[PDB]
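*Asks:* For reference, the structure I am asking about is given below.
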Amino acid sequence: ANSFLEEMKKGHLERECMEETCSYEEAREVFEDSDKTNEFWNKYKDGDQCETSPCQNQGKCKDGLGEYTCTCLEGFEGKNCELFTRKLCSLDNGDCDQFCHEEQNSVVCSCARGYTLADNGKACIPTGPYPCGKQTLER
Amino acid sequence: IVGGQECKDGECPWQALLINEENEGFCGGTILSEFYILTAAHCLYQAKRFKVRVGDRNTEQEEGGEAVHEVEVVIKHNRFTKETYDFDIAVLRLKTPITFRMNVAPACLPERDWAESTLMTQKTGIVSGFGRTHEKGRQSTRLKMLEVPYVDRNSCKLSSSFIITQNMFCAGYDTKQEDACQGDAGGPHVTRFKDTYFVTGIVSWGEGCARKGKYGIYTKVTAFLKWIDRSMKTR
Amino acid sequence: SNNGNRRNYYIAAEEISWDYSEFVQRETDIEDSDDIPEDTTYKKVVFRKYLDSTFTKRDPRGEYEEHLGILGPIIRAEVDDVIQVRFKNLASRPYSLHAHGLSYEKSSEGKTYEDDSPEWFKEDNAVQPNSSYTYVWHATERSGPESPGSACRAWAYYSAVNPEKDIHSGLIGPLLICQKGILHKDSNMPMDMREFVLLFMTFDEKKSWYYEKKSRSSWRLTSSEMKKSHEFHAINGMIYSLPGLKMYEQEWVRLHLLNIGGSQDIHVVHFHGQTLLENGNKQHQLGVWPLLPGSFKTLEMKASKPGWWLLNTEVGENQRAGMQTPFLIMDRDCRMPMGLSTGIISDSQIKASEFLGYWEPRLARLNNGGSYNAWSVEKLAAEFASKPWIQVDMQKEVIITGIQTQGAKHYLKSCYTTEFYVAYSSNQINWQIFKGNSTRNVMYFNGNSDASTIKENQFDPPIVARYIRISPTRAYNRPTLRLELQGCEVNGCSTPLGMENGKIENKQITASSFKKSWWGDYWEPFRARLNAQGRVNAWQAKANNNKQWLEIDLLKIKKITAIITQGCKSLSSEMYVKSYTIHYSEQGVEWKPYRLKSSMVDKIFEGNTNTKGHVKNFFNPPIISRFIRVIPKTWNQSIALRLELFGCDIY
Amino acid sequence: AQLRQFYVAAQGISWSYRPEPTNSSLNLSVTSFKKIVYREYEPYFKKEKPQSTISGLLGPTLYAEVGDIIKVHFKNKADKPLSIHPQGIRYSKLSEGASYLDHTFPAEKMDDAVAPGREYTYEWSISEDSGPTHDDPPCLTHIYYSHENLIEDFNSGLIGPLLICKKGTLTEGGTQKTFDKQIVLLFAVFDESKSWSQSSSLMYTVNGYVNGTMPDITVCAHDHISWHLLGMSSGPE
Amino acid sequence: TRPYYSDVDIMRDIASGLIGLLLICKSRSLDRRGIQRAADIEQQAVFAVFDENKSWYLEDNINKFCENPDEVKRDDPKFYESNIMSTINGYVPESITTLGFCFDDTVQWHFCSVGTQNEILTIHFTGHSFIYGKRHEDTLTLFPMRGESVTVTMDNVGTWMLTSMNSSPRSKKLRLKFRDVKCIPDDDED
Ligand SMILES: *[C@@H]1O[C@H](CO)[C@@H](O)[C@H](O)[C@H]1NC(C)=O
Ligand SMILES: *[C@@H]1O[C@H](CO)[C@@H](O)[C@H](O)[C@H]1NC(C)=O
Ligand SMILES: *[C@@H]1O[C@H](CO)[C@@H](O)[C@H](O)[C@H]1NC(C)=O
């Protein structure tokens, strides 16, 4: 409360945050929503860090308080999304729905009869109403 | 099925009730295709005449989906010897076509390499059948299922007075009274993987049902996957 | 697999100039001749992980790792864990990374032997420098710890291009495999059970990398140059008196001492007054343990008594060759105000970097009362925390573990602290910053919840520092702080022996003659308690003269180390004592004088010049007696006493 | 729980290492003589309590059940200011018996070096912690050693067996009621180089006797032996 | 694991070919045939050190049947060292074929560190790990004249090393390339 008349009309964006320094309680009075208040705060205090955008390999960038986040899409990883995602049948069956088998030391998948490999090359699409393993839980 | 609980309608579709001359399951059955049923080859020494009442959910009364199927011929392993404890597997070709419906869906073979690398490397396995509800308790009136965990090779060897071959593996509890029992003769024991249950084996023998220090002597399905397929195409 | 728990350990082998034995040479030693032959700061490649897959910022070493010494980043994780340890070699040679007892294949093994396999199964076996080659190994039951044993199972990892040549020069790091539900997912250390990993052997330079032998041929014999004569028979690269080897008394700590092959370098680690505990299916108790090479040993420990005790291998030749430390044991309970409200802390020690005007450290230290009752500046610093720190000198590196904080609201103006950190240093230069428990580089305690509302913060490793700066990270509104610390005196018995709490009974002591009245009743002894109020008959002599005494008959001889005194209620006056004398005995018939060991004349122990200010008085000769006549020698007004002694029991 | 007033005195012995002087008599042996080894004495050091012939250089066996307090009077009859330091007992600094940079007081340092010809009552109250546990044989084995010189004292002697047993099983004499006999075994690589007198003694010593010259041991059949195997030497042996 | 040997001359006869070994078995299903015939029973690892210039048959062996004159040749460039050798179960490390087994197998071992090593040696299996009661070693130290009976969970396909972590040049070339494949024989007739 820089001026005592800040919280008498309502939390005003200008009167509290721009013309004066809105405390986070009065910043709430301006917004009354934690997520948008924090997103405002991220550059209300130390600006933006996503504008640098070192997020290689189309890595989506998220700015915060003095920080950025290179959230890497599949096939990319690392601090700035600089490393290809290692595919191995050891972990999560190579992301294959049913079966995995390294060829050229790389993941290629397969599916049981009554199932077909999806276009992603990992998922299995059941082609039968009563397929393998899948319980016939009609009810 | 020592302890355990009933298979929900459809939860155990490949599971079959091998109805003998008196139409009461002398063995646990396993639906394989539209014409095939799986049982341990020990079931061949216990038969006058027998059929396959697929879809049975209660030995007390018929409660839906019970279709009687007749075994055309049995694919017994030619190396099947009781003393080896091995090849205790009998593929049952059926005269009556299996009608894939509610509580009727088989368990088919995965990749042999993937099966060896994944199936026997799992943590627990699920066994079902109209088995003895306790170590000696009465046979499960309903189709009762149960889950049992894997056992290390050395633990099975010390826990068995006999050989634990390159295939047979223990699965159950050290002292807890829960496992397959009388009623799971060839009773299908499976293992969940992304809701697709995989038959990792079936008990053959053992000292009592889930006794202290004892386990079900299951058969390594991945060991004879090639033989399982070649008997699928046999007879 | 589905187990997840992947930990991006961005490890980086770095050819650093590790200080093997720079420590004990910095304490005393001979003044003539030379020191240890070389500084033992040999440029060697050790494991120091980064926190970036870019590998631009190194993951810093922390307080829990101060006793680890040369030991690299510990790959500590629970059962059924795959860890994405990304290894980017920063050394010169093309190294690798092989661990022991993990789920590693020929594509993830550091040994470049004849595995007879393609280059997918050889890239791991030889990692070029400058190259981020990640490693992923799965924790299994075989690698896991023991349910009746320890909650973590230790292993080791190293570059295996030429392992004998590799671990020498420091290519070795601590590797412990724990079981689930021990480490927090925030930061990987066990909260419940304190563990310690050490390596008490010789470390050969002859096999070291970068041992293109540098300062040699000056050895008189093969047993002359400590590079290849005494190859650092050492605790963690340190031979004698490793710092950071201190722990509370009567508190359980797990052992993870390891030995690594070599040549039968066995060490029966003697503990001066300590008993071990086997952690396993039998749970036996041990005195010492022979450090068997090629074996990893884990135990549990509970310290017996506080003070300094010698860490040593009972093997005399190895002990004189290293593996030595005077490990100090802290007091088990340390929550006691060193001052800042009791007046024990000198006001000179109470200093801040900057001021505001009637906003002073004297006002800050006082926890209650006063209009302007805090230190302040106009606002928090912007470029960093960078607060006008309040330095707390002590003239001694006391043990500090606790702290209590609060603000102050007045004139409808509320101001307090929202977050703060502490800077501590034995000197005023190497201003270390406290850290334990957290991924954050240092600690950032939340301040106090509200102005004029007391909040308490704690320190997990008790830091020791003669000078302690405190620059808060973020304070509510204008800065405003009322504070008081908690802890215990360093390297000595600092426990409340009584006469303020219920430790000392009323019957235990006696005084000459108590004041008594009909309206105000009596003014007895045995109520003289550091904070006694209400009907405060603390101690007031009816005769009111120097010959009055306060004979303290303890239940047994006890080792009293200090004493304070402030006095009772003002009572519309300032009634107290100015100075006193101490006469002690084991039977009371004696009154063996207490003084600075001078003569039969007691040292004039100054009392409490006020009726509310605690006056610290120390005991250079530790008082050992049960019958102790305390004579209030000097008094301005009538005798008053609200005291508290410090020390412990002799046994 | 019993209060053990032990009276031990270090004293140099011209030790022969032979089982007996034999018909040849005299003592013409290795130049390892004047070996200061503490020996148990009668209460108030009336005289040294007799030592077993098998325990030639082996010192006073000190059995102790839990809860005891051992008033170990150590008249340093050896002409050197000495000390005795235990290994696995949570002692007090007043009877610490070990001199180092503990920053302690002289009263807690006098134990660390006791004057020659002077009795010091090395008192330590035993606890249930300092005793055999579950899954632990009825007795435990430890060592009290001369901390005055951990290098030279051993080769000059100053050795004595330390045993801690459970309550009940321990007898008044120290034997186990469940055990017909108890046997203590010791080996050493005694070297006169690191001794009081100086010589190149590569001669090896089982108990107090050299390279396999023990007086023989007779044990009756079906005798429940509670053994006590001790192996100590300067270097790694 | 408990060995046996001769008594007429311990030193020179252990230096000769007088040593043997049996097992003190608590086993139940053995019948003198196999401890529990469900795990591989390959057992012996004996890195014993034999000096033929210390053997009982030093005379005839060294003198009559070598490429040197009939001198004992204790003094030597390296014949005190040539005739001494840390062979593995009567076979030198350099001329021993690599091992090989198929997967799903457990090899029940009964070792014997008997040689005059004068320095404890630490064997190690690459990828594969040991057993020690409940504990799993993966790197086992050895002690002289002692039998060590454990099993190994051989769980990593391909060839792998029976290597030593001490790796001292004295007994350095100790690594056995034991193979691991998924049990090639499909058996079951067809
Ligand atoms: C790798 O980087 C380091 C410094 O980070 C550099 O000193 C080194 O020379 C580089 N490696 C080479 C040239 O092999
Ligand atoms: C410390 O470790 C605990 C253990 O539960 C964890 O919850 C906590 O977040 C860590 N940090 C702090 C500040 O206590
Ligand atoms: C005595 O030997 C028997 C043999 O079974 C054993 O039970 C007991 O533990 C032994 N005593 C000790 C102290 O080891």
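Since chain B takes its numbers from Swiss-Prot, the residues it shows come out as 235-469.
Cβ atoms are placed via backbone N, Cα and C, with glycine included.
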*Asks:* In Swiss-Prot, B:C404 is paired in a disulfide bond with which of B:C390, B:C415?
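*Replies:* According to Swiss-Prot, the disulfide partner of B:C404 among B:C390, B:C415 is B:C390.
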*Asks:* Swiss-Prot pairs B:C246 with one of B:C241, B:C261 in a disulfide bond, so which one is it?
*Replies:* B:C241
*Asks:* Tell me which of the disulfide-bonded residues B:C241, B:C261, B:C390 sits in the most Cβ-dense spot, judged by other Cβ atoms within 10 Å.
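*Replies:* When each Cβ's neighbours within 10 Å are tallied, B:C261 leads.
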*Asks:* By CA distance, which of the recorded positions (B:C261, B:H276, B:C390) lies nearest to B:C241 (disulfide bond)?
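*Replies:* When the Cα distances are compared, B:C261 comes out closest.
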*Asks:* For B:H276 (active site, charge relay system), which residues in the same chain are close in space, meaning a Cβ under 8 Å from its Cβ, but six or more apart along the sequence?
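*Replies:* B:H276 (active site, charge relay system) has long-range Cβ partners B:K316, B:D322, B:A324, B:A419, B:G420, B:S438.
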*Asks:* Provide the three-state secondary structure of B:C277 (disulfide bond) computed with DSSP.
*Replies:* helix
*Asks:* Taking 10 A as the limit, how many CB atoms besides its own sit near the CB of B:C443 (disulfide bond)?
*Replies:* 26
*Asks:* What is the Cβ neighbour count of B:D322 (active site, charge relay system) at a 10 Å cut-off, with all protein chains included?
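*Replies:* For B:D322 (active site, charge relay system), the 10 Å Cβ neighbour count is 24.
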*Asks:* For B:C246 (disulfide bond) and B:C404 (disulfide bond), determine the Cα separation and express it in whole Å.
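*Replies:* A Cα-Cα distance of 22 Å.
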*Asks:* For the disulfide-bonded residues listed here (B:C246, B:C277, B:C404, B:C415), tell me which residue's CB has the most neighbouring CB atoms inside 10 Å.
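*Replies:* Result of the Cβ crowding comparison: B:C415.
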*Asks:* Looking at the disulfide-bonded residues listed here (B:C390, B:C404, B:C415, B:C443), whose Cα lies nearest to that of B:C261 (disulfide bond)?
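*Replies:* The answer is B:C415.
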*Asks:* Under a three-state reading of DSSP, tell me whether B:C404 (disulfide bond) is helix, strand or coil.
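*Replies:* DSSP assigns B:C404 (disulfide bond) to strand.
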*Asks:* In which DSSP state, out of helix, strand and coil, do we find B:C261 (disulfide bond)?
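*Replies:* In three-state terms, B:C261 (disulfide bond) counts as strand.
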*Asks:* Work out how many Å separate B:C277 (disulfide bond) and B:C415 (disulfide bond) at their Cα atoms, rounded off.
*Replies:* 14
*Asks:* Reported as an integer number of Å, what is the Cα distance between B:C390 (disulfide bond) and B:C443 (disulfide bond)?
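*Replies:* Rounded to a whole number, the Cα-Cα distance is 15 Å.
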